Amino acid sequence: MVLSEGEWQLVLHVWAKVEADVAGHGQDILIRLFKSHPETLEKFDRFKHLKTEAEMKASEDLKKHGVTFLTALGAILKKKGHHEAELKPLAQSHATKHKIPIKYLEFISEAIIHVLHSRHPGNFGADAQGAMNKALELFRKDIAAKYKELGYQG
């Protein structure tokens, strides 16, 4: 699939706001993911033991990982579709080291869209949400094809 330049502008316009508080957004997103789909928390051997949302908020480690994850996703969205290099090392680790099924990438996509809707309603109307959703669908599609080349799932 190919986004238009007007669709990438809606995605990078709301991302510019996210980047004013990277740690905050990375933390909200992971917590939302772990609350909504608790099974995903099991894939993190470093966080697995956190029992409540209050424990998750207080975790400095979780907050450091939210920064790492969001910064890597930002770098991919700023490429505007030309992200092949950035996707290779990410596909290799998530398929072979971490073993993250595509279904979980769909769950985190849902958590990203929930948090931006919540924190940025004026910049995340229907058209902006449709463009972000396309950008994450493009990312999931490319990653799924790389997973299949690497021998995982498909």
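One rule holds for the numbers: they count along the sequence shown, beginning at 1.
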{"property": "Mean temperature factor over C-alpha atoms, higher-scoring stretch between 112-120 and 55-63", "result": "55-63"}
{"property": "Mean Cα B-factor comparison, 89-97 or 40-48, giving the higher one as deposited", "result": "40-48"}
{"property": "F34 - Cα temperature factor, lowest/middle/highest third of chain", "result": "highest"}
{"property": "Third of the chain's Cα B-factor distribution that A128 belongs to, per the entry", "result": "lowest"}
